[PDB]
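Neighbour counts are summed over all protein chains in view; Cβ atoms, including those assigned to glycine, are modelled from backbone coordinates with ideal geometry. Every number here is computed from the coordinates shown, using simple stated rules; none is lab data.
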Amino acid sequence: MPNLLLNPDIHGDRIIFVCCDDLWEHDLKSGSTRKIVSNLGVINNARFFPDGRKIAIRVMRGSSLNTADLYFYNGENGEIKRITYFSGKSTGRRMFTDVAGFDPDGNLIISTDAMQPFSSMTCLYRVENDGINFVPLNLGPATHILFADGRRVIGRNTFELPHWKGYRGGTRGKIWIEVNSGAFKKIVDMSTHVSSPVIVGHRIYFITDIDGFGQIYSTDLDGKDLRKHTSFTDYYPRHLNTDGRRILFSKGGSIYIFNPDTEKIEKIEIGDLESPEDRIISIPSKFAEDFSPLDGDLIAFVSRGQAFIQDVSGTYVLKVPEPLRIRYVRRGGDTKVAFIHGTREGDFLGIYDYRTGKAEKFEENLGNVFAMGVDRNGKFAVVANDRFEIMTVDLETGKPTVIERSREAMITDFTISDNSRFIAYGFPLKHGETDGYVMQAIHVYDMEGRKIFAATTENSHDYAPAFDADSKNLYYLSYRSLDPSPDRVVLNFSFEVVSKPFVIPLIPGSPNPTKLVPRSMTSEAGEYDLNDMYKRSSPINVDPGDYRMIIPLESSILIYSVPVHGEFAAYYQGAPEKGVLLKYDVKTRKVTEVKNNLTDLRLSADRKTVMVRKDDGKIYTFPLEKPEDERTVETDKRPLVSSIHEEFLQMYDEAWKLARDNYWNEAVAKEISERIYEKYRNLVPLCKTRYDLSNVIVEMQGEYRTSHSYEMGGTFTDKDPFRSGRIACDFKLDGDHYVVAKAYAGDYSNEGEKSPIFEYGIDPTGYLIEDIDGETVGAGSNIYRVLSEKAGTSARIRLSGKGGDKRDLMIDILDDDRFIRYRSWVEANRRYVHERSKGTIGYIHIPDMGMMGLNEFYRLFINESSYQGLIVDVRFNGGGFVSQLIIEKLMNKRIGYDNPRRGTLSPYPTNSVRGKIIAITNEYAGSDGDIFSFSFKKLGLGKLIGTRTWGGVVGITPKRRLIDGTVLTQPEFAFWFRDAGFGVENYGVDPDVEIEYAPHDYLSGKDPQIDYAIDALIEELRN
Amino acid sequence: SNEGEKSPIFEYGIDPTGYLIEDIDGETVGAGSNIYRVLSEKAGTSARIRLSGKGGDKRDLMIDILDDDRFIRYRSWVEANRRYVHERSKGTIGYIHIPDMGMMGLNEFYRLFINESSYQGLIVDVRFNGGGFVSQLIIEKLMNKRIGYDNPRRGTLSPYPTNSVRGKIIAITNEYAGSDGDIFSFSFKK
Amino acid sequence: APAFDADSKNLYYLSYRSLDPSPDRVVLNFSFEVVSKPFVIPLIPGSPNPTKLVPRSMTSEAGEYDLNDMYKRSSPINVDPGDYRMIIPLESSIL
Amino acid sequence: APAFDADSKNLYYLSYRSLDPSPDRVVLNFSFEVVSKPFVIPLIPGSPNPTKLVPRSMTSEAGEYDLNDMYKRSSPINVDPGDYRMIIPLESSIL
Amino acid sequence: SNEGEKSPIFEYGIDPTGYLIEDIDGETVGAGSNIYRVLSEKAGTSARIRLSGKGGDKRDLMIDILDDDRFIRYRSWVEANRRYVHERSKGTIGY
């Protein structure tokens, strides 16, 4: 049982590497292997210092490894020590805050976006006094820095890209070298991505797949004389590292050595190192899914692919006897439950009787199932799959029967009448193939006659169908009550409260039951007649709002309501959507609140019990008759038990099937998936930790050679994330004291855009920081670590000014200050533009195409769109989906003015840009950023300035997570431009004028890209 | 399926077209009894109406007597023009009417825009437009140029921008469109 | 909506500055619906946002009125964003 | 203090068996002050302590009366020890 | 009759002595399945246990899996000595 070895480094005969997230060292001379450091979190990079005495180490913490910092390991005394307290953000595809290289004097040079407004701005800093102080090199963003013959070699974006084989975009790794003490030239710029540069003698060795597979290459210090030294065909090589003589790298889980002298490649024999306990225990609540009420006050829930039946308190628990990946569980009878069991072949329906203990699985492959329900009488189930079909499956014969198939989207919103006769469901549809909007109408399936009837017209979005207990009326919701609500900042309007409930009596002539028409004044009788039932529809007298569920009861109607709210937290922090359960009394039309702070709600079969998940993340149950008697559902009394290797195998198969099933190009998907299956599946057995599995899965993902093949979330370590204390200030160690080199502030009047010290009436710039909470900081006291220990609280800080000014303040020590640094950066650019343009040009920055993007665009658009010219900066734009909404605003042409008796002219449109526009972009702008870039040119809004963009336009919409919570993304939506086709993918968008941002440009403190945009416009504005 | 867009009689499962109205709240209406006056006296309440169909069909229903039905008549006029345009264009042309440039204008524009903007051609009818101030907002939408498409592994093509008209546009106006309605007409051409 | 507190030591007011978009439920659109937030400005430099509840013994009081650069001293009060039209600072509460 | 429930399926009773000493506050001495605890015996073997709330679907019911070795089946009810003199089992509560 | 002095199985009316333990919570225990570990993963909860007796007797019970059983083992020891002393002394000596 061998391990997956990775990311090595070498020094003489000593080789260090990563195994089981820990650091190991192997002496080639003796052949002995020993673990030199563990239990620090997940280590992914280790680098010997020049003299090979000390070792710089990068480690990640946080369940998803989203934070990272650096440590030093002293092999002499076995001393471990943390060096950085930045808690740098990190993702598998961008594991920033790392070792960049070492300088002539042997000092460590780190790369980190810790104190920068953007994660792509990983600057170089020379560490001093083991972290006490960081001196910036000012060479701009870079991943590696080597020193050859007294001149610096800068590797930009040179980290590995296992998730994207064949990358050829604008963000590809390139190499630059100094030619004149402060003058740099780009020497290595190939069509493909260059990673892990190293220097042996006078040759730069690096890795690329320009020939169709990962191989080691090399060039002279001029980037000339390209040579290919390997011809690997099994697994891509990664992580080159050298001591100046021999080169070391990893490939397919094994460590290898490459001798530049002989060009010989030798595998190092290390053998079995560590095989931890396979049988693990996990907290069921941490991987909980599908909570549903059963009869007898019992509950069912799915966790980590296992399903359980238990009493509320979690004292009496029964695990459903079925192997891995039960996706859904639903009440099937008195003591029976129906469930969906997924395998590598697909999903299947099964039944389990927790009383007798009998379990039966049907062989019918239902495809990939995303919704499942069972009729109250337990005779059939209703299933929806990614084939866009809704079907019934006889719970006795297992025989399925497709009811209808949508060609637009899945039919996951359905309900079954209590008498099991009708099935109402939201049917997605479009009038034409290229419609921009998918409508949804409610269809009803009559089991008797097996015929489909339209309950609503196809003009809007109807949903949440629900039958009353007596199966006589069909209630549902629609977003049809159009009424616009005004935007409070921009001249705009949107539909915010247009949700309204409706009902359809199934028996013609029978009135809307909520209308209370006297029974003696209505001619009852009549048989079921589902024809033209949309013509009979009637709304219920409930104010429009934003409803998600309607539950008709004897004398009242429950309605799930979601208050109008901002999207920022959900979009970026996974914050849940908060709702409230409202009760509408039919008799008095009075509405009351039943429960608030909800995020989810399940209803009992008999409508007597309600299960809810609240914003606190806990599950509760309560009688719909007396919501006061609410009980908390407990699930962690009993531990979750599993086998690592069994789960690892199950996960790989699922990650592999998902990548195949959701790849945008079906044709290509079959070939690719079959070609890479075994190759990577074979490495799974070497995996012992979650990280190990990740290296394998990501490599197999990269085989699709398409953008957006990600790995997010999941649990990799039980280590709490690293902490960092910030006050939006930069520090410089001057002598024995720290001095506030810079204090950031964007718009002073906005919330969260300035050092918390400004609220005290002073600008801390040039002030000396004496001590924090009584602890002196400076020469022998790391201020970063101290802030780190105070993060999230207010500590007394003592400041000294140049004179007799001293301050004693209780300052809020933030956990982060990136947004502050960003808004400071933008506002700095804004002033600069106004200054250089002499008040004739305006400036707007767009950080991404999501909610942050909308915020910042308009935040400045309302003040900056009326200058003679306008600069739209989309550099570092992280993508999203609102580019089209911004373009729309930019496209507005000013064609008139309102002339008031008093006041000034009002331009028409109000949202029209007054003059000339120019846009700036770069290699860090991508996805929806690529689209904006391309669009800006295509629609002739103005010139595009900067460098080629990222080149990733194959979108994603993940809808399944692995049993451990991991969210993998598959490039499912390929964007196609008229005239350019799918050409943007894997290339990017070229600007009208390419303006490089060189290492010597950062050294001089000039932004040639913004300078050009400013000048180019001053020229255009002449006439 | 929309709220307040039809004769309240439709909620009883029948189309009253061609039916005879015998009486309202027990009072016979006809040659010797003004039905408009009777309805006026019942406005805002539900009255028992006796209807007779051609044959033996008879109906006795409690009907909500509205104080106004302009909006129902309007939406019906709109839907009629819509079917007519689809029919005469053989399914190639879409239709949208904008009654004014206020909150109603915004409602009706989007009500049909989400369903009518992806035909080969589009008729934007602003006849009788009563004005307001949202002309600029609607123009901004019509100005979107479709320049791309997302291609999914499953499902149909999604146009980009989502809010872009697929093909050719034509606008109809009359002497009853005015104010912001004038500005829209002038801008459409400009 | 500016408003001074009874002792004339702080100036409270409202702003439509807390940008955060809300989604249109029918059309692909977003708009700023709940972006109103109250702020406070102590008229005497060094004095903290009264709603922060900074212990009196941990604050160096005193100071004369100084309306210069008071915008730099501005601080938000911990109320969820919404659509507010008036703020009335009282002794131990705010309407 | 024996007491049968209404359906005559369980026998509830009290016992001074929960030995736990309480300290004298004046002299070095201890005494059993709160050692009374209620118990229950299901008259039908296999049937569980009703107060335990074992899900019905997880219990194999049925069974005829069998008073043999019923002390072996005795089970305590989750009430804090004290000094009880009577127990009255009701439908969903015990006095 | 005391609280906490016997296998929780006695509450179901049978003495598990000589019974075979088939499985616990659906998991088969025995030759290739460590029961000590299975129990460990159930500590503090009630788990369905399947027992087989010598004949046709088979039991399916929700048993309370304790975190400790020392006191039970202890009280069993003491009572065994008690009986032994009575027996060997022919009822003349107490313990």
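Over 16 Å, how big is the tail of the calculated P(r) for segment A:643-714, in percent of all Cα pairs?
Working: 1087 of 2556 pairs.
That fraction is 43 percent.
When the GluC sites (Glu not before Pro) in segment A:264-347 are filtered for DSSP coil states and for at most 12 other beta-carbon atoms within 10 Å of their beta-carbon, the remaining sites are A:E269, A:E277, A:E345.
In terms of the Cα gyration tensor, with a ≥ b ≥ c the square roots of its eigenvalues, is segment A:288-637 rounded because a/c is under 1.5, prolate because a/b exceeds b/c, or oblate?
Working: a/c = 1.38, a/b = 1.24, b/c = 1.11.
Rounded is the answer for segment A:288-637, as its axis ratio a/c remains below 1.5.
Could you compute the FRET efficiency for A:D773 and A:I895, with r as their C-beta to C-beta distance and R0 at 56 Å, rounded to 0.05? In this case the efficiency is close to 0.35. Placing a label point 7 Å from the Cα of D:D66 along the Cα-to-Cβ direction, the residues of segment E:52-85 with a backbone N closer than 20 Å are E:52-64. Cα-based values for segment A:818-1023, radius of gyration first and Dmax second, are 18.3, 68 Å.
All alpha carbon pair distances within chain D were sorted into 10 Å bins beginning at 0; the resulting P(r) in whole percents reads 15, 41, 26, 12, 5, 1.
Among beta bridges from DSSP that stay inside the protein assembly as shown, the antiparallel ones total about 90%.
For segment E:3-10, putting each phi into the Karplus relation 6.51 cos²θ - 1.76 cosθ + 1.60 with θ = phi - 60° gives couplings of 8, x, 10, 6, 4, x, 6, 4 Hz, in residue order, rounded to whole numbers and with x for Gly and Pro.
Suppose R0 equals 30 Å; then what is the FRET efficiency for A:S643 and A:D815 from their Cβ-Cβ distance, rounded to the nearest 0.05?
Details: r = 37 Å, r/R0 = 1.24.
For A:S643 and A:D815, the calculated efficiency is 0.20.
Against chain E, whose longest principal axis comes from its Cα atoms, helix E:70-88 is set at around 40 degrees.
For segment A:887-978, what is the convex hull volume of the alpha-carbon atoms per residue, in Å³? Walk me through the numbers on the way to the answer.
Values: hull volume 15.0 nm³, N = 92.
So the per-residue hull volume is 164 Å³.
Amide H contacts of A:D734 (H built 1.01 Å from N, in plane; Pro and chain starts excluded): A:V739 sit under 5 Å, all sequence-distant by 5 or more or on other chains. If you take all C-alpha pairs in segment A:827-875, what percent of them are over 12 Å apart? Everything past 12 Å amounts to 58 percent. Global size of segment A:723-817: 12.3, 37 Å for Rg and Dmax (C-alpha atoms, Rg to one decimal, Dmax whole). Taken about its Cα centre, segment B:35-178 carries a charge dipole of about 620 debye when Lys and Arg each add +1 at the Cβ and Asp and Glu each add -1 at the Cβ. Taking label points 7 Å from Cα along the Cα-to-Cβ direction, B:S179 and A:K515 give a separation of 3.6 nm. Spatial offset of segment A:109-186 relative to segment A:337-402 amounts to 55 Å, using the alpha carbon center of each. Peptide C:69-80 is shielded by partner chain Cβ atoms: per residue, an average of 4 of them sit within 10 Å of its Cβ. Comparing D:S74, D:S22, D:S57 in a Gaussian network model of chain D where C-alpha atoms under 10 Å apart are linked, the largest mean-square fluctuation is found at D:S57. For the protein assembly as shown, a crude dipole built from +1 on the beta carbon of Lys and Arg and -1 on the beta carbon of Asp and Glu, taken about the Cα centre, is about 1780 debye to the nearest 20. Counting Cα-Cα pairs of segment A:107-222 in 5 Å increments starting at 0 gives whole-percent bin shares of 2, 11, 21, 22, 20, 14, 7, 3, 0, 0. Pairwise alpha-carbon distances in segment A:1-272 exceed 25 Å for 42% of all pairs. Round to a whole angstrom and tell me the spacing of the C-alpha centers of segment A:697-742 and segment A:650-693. Measuring centre to centre over Cα atoms gives 28 Å. DSSP assigns beta bridges within segment A:548-707; of those with both partners inside it, close to 100 percent run antiparallel.
Taking the Cα centre of segment A:769-819 as origin and charging only Cβ (+1 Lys, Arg; -1 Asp, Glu), how large is the dipole, in debye to the nearest 20? Don't skip to the answer; put the middle values down first.
Values: 8 positive and 11 negative charges, 40 e Å.
Approximately 200 debye in magnitude.
Expressed to the nearest 5 percent, the antiparallel share of DSSP beta bridges inside segment A:786-871 is 70 percent.
Of the trypsin sites (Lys or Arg not before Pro) found in segment A:1-101, the ones in coil according to DSSP and having at most 14 other Cβ atoms within 10 Å of their Cβ are A:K29, A:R53. Of the GluC sites (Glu not before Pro) found in segment A:472-560, those in coil by DSSP whose Cβ has at most 12 other Cβ atoms within 10 Å are A:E524, A:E527, A:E554.
Note on chain A: helix-only mean residue ellipticity at 222 nm, from DSSP H runs of 4+ residues weighted -39500 (n - 2.57) and normalised by residue number, equals -4000 deg cm²/dmol. Highest mobility in the GNM of chain B, judged by mean-square fluctuation with C-alpha springs under 10 Å and restricted to B:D25, B:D57, B:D125, is found for B:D57. Here's the picture: charge each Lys and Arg Cβ at +1 and each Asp and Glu Cβ at -1 in the protein assembly as shown, and of A:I945, A:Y547, A:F301 the one pushed furthest to the positive end of that dipole is A:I945.
Plainly put, the protein assembly as shown has a radius of gyration that is 0.99 times its Kirkwood radius, both from alpha-carbon atoms, as the Rg/Rh ratio. Once each part is reduced to its C-alpha centroid, what is the distance from segment B:1-56 to segment A:747-820 in angstrom? Computed from Cα coordinates, the inter-centre distance equals 77 Å. Between the Cα long axis of helix A:666-681 and the first principal axis of chain A there is an angle of about 60°, rounded to the nearest 10.
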